[PDB]
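Step one of this worksheet: look at the structure below.
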Amino acid sequence: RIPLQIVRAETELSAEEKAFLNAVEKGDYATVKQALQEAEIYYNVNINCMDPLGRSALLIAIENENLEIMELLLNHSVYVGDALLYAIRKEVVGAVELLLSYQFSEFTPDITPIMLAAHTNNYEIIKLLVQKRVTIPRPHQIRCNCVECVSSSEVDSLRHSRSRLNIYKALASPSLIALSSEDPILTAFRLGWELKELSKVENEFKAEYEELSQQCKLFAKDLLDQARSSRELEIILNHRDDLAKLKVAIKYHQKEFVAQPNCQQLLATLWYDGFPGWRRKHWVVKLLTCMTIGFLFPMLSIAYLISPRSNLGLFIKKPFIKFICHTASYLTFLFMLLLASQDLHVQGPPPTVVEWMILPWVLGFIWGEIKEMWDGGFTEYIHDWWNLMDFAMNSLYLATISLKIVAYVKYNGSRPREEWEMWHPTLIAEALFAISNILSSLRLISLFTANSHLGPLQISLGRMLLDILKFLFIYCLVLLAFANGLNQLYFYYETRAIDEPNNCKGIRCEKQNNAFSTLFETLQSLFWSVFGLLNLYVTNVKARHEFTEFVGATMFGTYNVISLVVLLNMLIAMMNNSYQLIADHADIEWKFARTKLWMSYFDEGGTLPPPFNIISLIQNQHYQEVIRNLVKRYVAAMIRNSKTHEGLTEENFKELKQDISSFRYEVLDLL
Amino acid sequence: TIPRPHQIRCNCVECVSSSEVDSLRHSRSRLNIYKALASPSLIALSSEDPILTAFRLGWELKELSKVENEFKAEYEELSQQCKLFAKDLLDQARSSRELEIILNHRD
Amino acid sequence: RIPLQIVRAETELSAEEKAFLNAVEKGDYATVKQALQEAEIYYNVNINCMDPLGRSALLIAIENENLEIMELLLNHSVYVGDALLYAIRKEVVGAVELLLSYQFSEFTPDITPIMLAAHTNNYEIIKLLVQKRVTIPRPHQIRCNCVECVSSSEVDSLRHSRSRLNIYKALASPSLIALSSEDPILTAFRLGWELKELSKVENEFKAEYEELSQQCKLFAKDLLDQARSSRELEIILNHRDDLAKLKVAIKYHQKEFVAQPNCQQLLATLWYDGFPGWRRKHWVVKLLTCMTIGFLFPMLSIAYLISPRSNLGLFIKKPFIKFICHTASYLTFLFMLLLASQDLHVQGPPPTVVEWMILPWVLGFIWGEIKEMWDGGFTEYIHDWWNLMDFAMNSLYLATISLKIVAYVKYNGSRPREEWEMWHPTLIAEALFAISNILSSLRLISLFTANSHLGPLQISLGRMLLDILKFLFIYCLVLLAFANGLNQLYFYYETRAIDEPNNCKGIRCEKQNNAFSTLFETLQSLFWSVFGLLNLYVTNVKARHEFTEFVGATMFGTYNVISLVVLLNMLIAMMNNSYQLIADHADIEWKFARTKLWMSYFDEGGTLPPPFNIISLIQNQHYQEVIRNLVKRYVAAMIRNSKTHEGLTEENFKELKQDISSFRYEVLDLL
Ligand SMILES: CC(C)CCC[C@@H](C)[C@H]1CC[C@H]2[C@@H]3CC=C4C[C@@H](OC(=O)CCC(=O)O)CC[C@]4(C)[C@H]3CC[C@]12C
Ligand SMILES: CC(C)CCC[C@@H](C)[C@H]1CC[C@H]2[C@@H]3CC=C4C[C@@H](OC(=O)CCC(=O)O)CC[C@]4(C)[C@H]3CC[C@]12C
Ligand SMILES: [Ca+2]
Ligand SMILES: [Ca+2]
Ligand SMILES: [Zn+2]
Ligand SMILES: [Zn+2]
Ligand SMILES: [Zn+2]
């Protein structure tokens, strides 16, 4: 048998005292008042005493919203401490007003009434608390190293982190940003960015800072949603302290704000500037118009170069026409690169007619990249992540040009390629040119963003490449390990190239040999084993060492089982799990990326596609009025949605029970 | 009375003027009209043929969903609501004659 | 502008008449009674009139559960029709009792009060209706062809199907089976089986019959769940009209009833008969005991053959020991089959020592199969779906024996196999023996059911083989189509075997040839193209018909794209979708299959593993008492669970509003 007792004993209540608390619970005003006036005389019943479940009489009256017993206890001067916070968390405006008019606690000591109101996100109570001059202390920097922060971290790191988290949850309140903020949209933007940075820094408290940042982004989105006219939309988007607030939203990565339908509609009607009725057109006439503009890019470009002030000169300044001209010029560049592959023994030859055409687009690409560098700056250049491969293309083109010039100057004769040197400058130049050709032709992935049916697909690829990168570390570790083992076994039986039937050594021969003789060749062989191009007899030696053969063969088999059966199917399962997490927000992310692509063409800089590129208090007052109407509409909408969602608990049933019982004792008293 | 929405691809002076002056209010007004018209109760009353009315309204809402790219989901859900209303109206039949009168009616 | 009107006009109410219905809605008894006694004199207010929303005064009083206005209207003799059914659907026992004591309708004409009560599944109302002698008409046979059924199908097939569905939904009520049934468990079993058959037949009304069958199975499971002692469990399982009811449940495929924890515990303690403490033992001692019993199967078998009445004779009659002995004998048979592969030029040789051992297990397997046939019967034999491959094994073994005997009798000499005939009886016999070896060795999949970690895996394979079978039709259609096309192109360039370098024709040669010359070889080639074993140069001819080559090559490429890229990934996606639908019920299905495997060993027949197999109203009364206690417990439990689930709608809020308003007019009248 197990004895049961109370190992942590407390102070029990007496019979009359339990009767008093029970009368408070059922709401008998006559009995409670009689007990109070009897206690004032006899000092028998403690009015500030506790209950078995953690509450006192004022707490019971507050949770049961019985304002009349609550004010009776206030008039009898019961203990008051933390009951204000209890009324704040209870969301009872009458209790809040009465306690403003005048041990164990389930609240942290930092909990201030404004902060608990900001947690409860109740606009009424937050505004009544803000009516009095009440202050929230400022959080320090994200990476602050001052003496106060290091002392608070050293003394009690749990209370420091809880205090910072408590401050930021107070500040991220949608009601507390709707009031007491000169610019709620910009405040929500900066607060969301800061909460994202604190989510990145504080690893353990990551999810709560993530959800606070998401709450701020949702608040900004709904505030934009409450607009009701195109002027108000453009006052919001064009406020600066054009499209300044939109550029700020793009800078702070507010994809929910950017992907608003009204903002996307305004961006679309700015994008289709020259064509007012592109929204309602057929597929065939859209394709015909696109090809018609795309076949006239040199005419429009030379029109801009000659006279910007004409029906054709400023026609390319429209964003869609500029995008079509850039795409058409780049596609003609790729067509010429395809034509370039269509005497070959000259050492360091002069450039042909096709390369003589290619050279100005190469110079224009380099000039455009360095012009974007010099104009935008550094962080904006490195943030794009396409400029890395753009730099790779420019570097490979420059290397090809330099090697071609070096070969043309240094060599003159016509020697057949069969006896050329292996590190010949012409060979190096042509290899670099082919690599740059591939990089140029995969640069077209960036144009899938502007299409409706390919943009989310590109977003899904960009989100699953991260998991491919995660898997590549494990696969390369396994590859290095098995390459090391197979080298350590097989590098005694290395054979010269002369002993081979056709003077070829390596896995690229007709008869594959020496697949595990050197570390480079072992890495190549175990890489090509994934696609099945490495035959089985590469695990063979001329000597009769059958045990050596069997250990090498089972090493190869273990590598194949780990890679193709385990790791590849692991990669399939990982990307399949990752795709479902992206399919929900793919539309929003695609709309954000397409907005960035659209705003990339709104500038006057970079207008000419290559190779042609080498040849004020009223605004504040109107914005304040629009935001004031927006805040009123948003508070009304979130009040309506609070009165439309579920919201109901057993609090409501015990509230109705309390009202019925208080009335019951009232009419039993009056009758 | 509810004012009539114009054509899906209408190019008249009133529509182009309303699109140019305030495109948000124009789109909100058209969306508001179509949400009013797609009401199952408002098709159950005031309609000479609720089944055919729901059919044509669902097709039109599908076309406006195809055209209006930004307001796609709401027109999709209105078309789905009209299709569900037609399905439930057919579901409420209680005899094979009524089923065949519904299926064999021609106008 | 669109005009709005009422195209289907109805009869509006007058002002006093709307006032009367509004007074009924708010529950003013004084106003309603005054209006009734004024209408009795003046005949100005119609008491049976309709409202704008389809109801009359009695309907409003019934839906608002206001029994006093309802009985007032009953005393004033308002229209009564279908208000009883309205009270049945409303689940108000007072309204039901009062209407029992005494146009447009949303109910079908077949709706009878007992049937609507059975739909509502309210035990109280169903019992009060059953107190009066009330009858439900019998549904006919599933495939009945009588004149009444064919006439009802021809006249109005919608009303006939709705009537049958209405009858079966009435009969499948858990309360209506808990009452008025001599055997609720057997009634639920037969009703679930019948509803499954009607689900199979009625294709359009499939889901509702499926959910009714599932409801009956759940009712039987919960009725078994309400047992509270091992005697009651065994009275339920051992009732017959041992384990007769359990065998009936297995026959009717009640997997939920079979997979009950108490039933599985009783089956386990019958299964581990000889070992009382196998439940609490270590893995190593379990493995040691299993190998110890498995190495002694001939000793236990010969002990049973010599003397069944001993410590070793009846030791094999225990189910676990019998299962271990069968498994050990069959594993030794497979070990001998492995040994059989370890002079070869004799035409029709005598059987060797290994085959002379194999022959009695072959005879024992055939004898056991025909004995199971003769004992169990026909449907039980063909239902197992393992007996098909068992028959295949027996037929191949018999064919091997017959061909070996024919070869031994007909041939005597010793000719080397290089010049044997291609259809030689020895060659045919050895091919059939190898095929039977594979079938014998994959017969071990059936033993994965008895294991804890492999049984659900076998269930998942058995459920995804259906989708593989579904996909195989499409793949074989594509295979036949592309084989036909490639034959029609390539059968002009068929070459003889002599013209080949090594006198070999077909895709099984060193140099693959003639892959699309005949239909059989084209089917083989396009089958082997799936696994990559068919090289690319099989699409080549000796002549210089390059267009012919290109069309053949692009046909091969189109087939590879359809098969490996589209169809194989389709199969992967289909099985991945199918696995998630099986992972939920895999435990229940595995427990059912393991119960079937356990009951297969409970019989005295088939005790000896091969080759050794060729060498009474008190029961009804106790069952009735146990079922009566079970029904009382189940009704109490489902009443408690009805008072524990959500169950609450705006009906409850308008009920409380009606009570408050009726009281309000009452006290305004009394004061
Ligand atoms: C991949 C196969 C078919 C070979 C063809 C290669 C290229 C000639 C293709 C592949 C990707 C194509 C691009 C994919 C997407 C677009 C966006 C498209 O713009 C839209 O979606 C129209 C609406 C809008 O811009 O608002 C204009 C054509 C373009 C650049 C396409 C131009 C032609 C490209 C470069
Ligand atoms: C597959 C590899 C490891 C080669 C070995 C082949 C056979 C020797 C294996 C494969 C499947 C095995 C069987 C899989 C499952 C079981 C059930 C197992 O029983 C239990 O799970 C114990 C608990 C119980 O029976 O209640 C007894 C051994 C047995 C027949 C195994 C016996 C050994 C088998 C035939
Ligand atoms: Ca760039
Ligand atoms: Ca059998
Ligand atoms: Zn600091
Ligand atoms: Zn118009
Ligand atoms: Zn009949």
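Top to bottom, those sequences are chains C, B and A. For reference, each letter of the first sequence is one residue, going 17 to 118, 135 to 273, 286 to 386, 392 to 664, 706 to 761 in the authors' numbering. In this text, residue positions in the second sequence follow the authors' numbering: the first is 167, and each later residue adds one. For reference, each letter of the third sequence is one residue, going 17 to 118, 135 to 273, 286 to 386, 392 to 664, 706 to 761 in the authors' numbering. Quick reminder that beta carbons are idealized off the backbone N, C-alpha and C, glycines included.
- Across the set A:46, A:53, A:64, the C-alpha of A:64 shows the shortest separation from the C-alpha of residue 29 of chain A.
- Inter-residue distance for residue 180 of chain C and residue 158 of chain C is about 30 Å (C-alpha atoms, whole angstroms).
- Residue state for residue 174 of chain C is assigned as coil, using DSSP reduced to three classes.
- If you compare the alpha carbons of C:412, C:423, C:369 with that of residue 450 of chain C, the shortest gap goes to C:412.
- Listed in chain order, the non-local C-beta contacts of residue 100 of chain A below 7 Å within the same chain comprise 115, 145, local neighbours out to five positions each way being set aside.
- The region 354-373 of chain C makes no contact with the region 458-466 of chain C: fewer than 3 CB pairs, one atom from each, lie closer than 8 Å.
- Nearest to residue 358 of chain A by alpha-carbon distance, out of A:24, A:344, A:266, is A:344.
- For the 7 Å CB-CB criterion, residue 89 of chain A and residue 74 of chain A form a contact.
- Looking at the backbone, the Cα of residue 233 of chain B and that of residue 175 of chain A are separated by about 53 Å.
- Listed in chain order, the positions of the region 180-194 of chain B with a beta carbon within less than 9 Å of a beta carbon of chain C are 182, 185, 186, 187, 188, 189, 190, 191, 192, 193, 194.
- With at least 16 other beta carbons inside 10 angstroms of its own, residue 374 of chain A counts as buried.
- By the beta-carbon neighbour count (other beta carbons within 10 angstroms, threshold 16), residue 618 of chain A is exposed.
- Residue 477 of chain C carries a helical assignment under DSSP once its states are collapsed to helix, strand and coil.
- Residue environment for residue 118 of chain C: exposed (fewer than 16 other C-beta atoms within 10 angstroms of its C-beta).
- Residue 212 of chain A counts as exposed, since fewer than 16 other C-beta atoms from the protein chains shown sit within 10 angstroms of its C-beta.
- If the five residues before and after residue 310 of chain C are omitted, its C-beta is found closer than 8 Å to the C-beta atoms of 262, 265, 266, 269, all from its own chain and listed in chain order.
- Contact annotation: the region 299-306 of chain C does not touch the region 328-346 of chain C, with fewer than three C-beta pairs closer than 8 Å.
- The shortest C-alpha to C-alpha distance from residue 209 of chain C to any of C:322, C:194, C:247, C:182 is the one to C:247.
- Sequence-ordered contacts of the region 211-238 of chain B with chain C read 233, 236, 237 [C-beta pairs closer than 7 Å].
- Residue 18 of chain A sits in a strand when the DSSP states are folded into three classes.
- Shown in chain order are the residues whose CB sits closer than 6 Å to a heavy atom of ligand 6: B:172, B:176, B:178, B:180, B:181.
- By the neighbour-count criterion, in which a residue is buried when 16 or more other Cβ atoms sit within 10 angstroms of its Cβ, residue 424 of chain A is exposed.
- The C-beta of residue 271 of chain A has 16 or more other C-beta atoms within 10 Å across all chains shown, which makes the residue buried.
- Leaving aside the five residues that flank residue 85 of chain A on each side, the residues in its chain whose CB is nearer than 7 Å to its CB run, in chain order, 40, 43, 45, 48, 77.
- Residue 575 of chain A and residue 528 of chain A do touch by the CB rule: their CB atoms are close to 6 Å apart, below 8 Å.
- In terms of CA proximity to residue 18 of chain A, B:203 leads the group B:226, B:225, B:203.
- Within the same chain, and ignoring the five residues on either side of residue 196 of chain C in sequence, the residues whose Cβ sits closer than 7 Å to its Cβ are 171.
- Just so you know, the alpha carbons of residue 590 of chain A and residue 542 of chain A end up roughly 7 Å apart.
- About 7 Å separates the CB atoms of residue 578 of chain C and residue 608 of chain C; that is less than 8 Å, so the two are in contact.
- Ligand 3 approaches residue 436 of chain C closely enough that one of its heavy atoms is under 6 Å from the residue's Cβ.
- Residues of chain C whose Cβ lies closer than 9 Å to the Cβ of residue 260 of chain B do not exist, since the nearest Cβ in that chain is about 36 Å away.
- For residue 246 of chain B, the uninterrupted alpha helix (DSSP H) run begins and ends at 238-257, by DSSP.
- Distance from the C-beta of residue 652 of chain C to the nearest heavy atom of ligand 3 is not below 6 Å.
- Using a Cβ-Cβ distance cut-off of 8 Å, the region 475-493 of chain A and the region 441-458 of chain A are in contact, since at least three pairs of beta carbons, one from each stretch, lie closer than that value.
- Taking CB atoms only, residue 19 of chain A has a neighbour in chain B less than 7 Å away.
- From the beta-carbon of residue 168 of chain B, the residues of chain A found nearer than 8 Å are 17, 18, 20.
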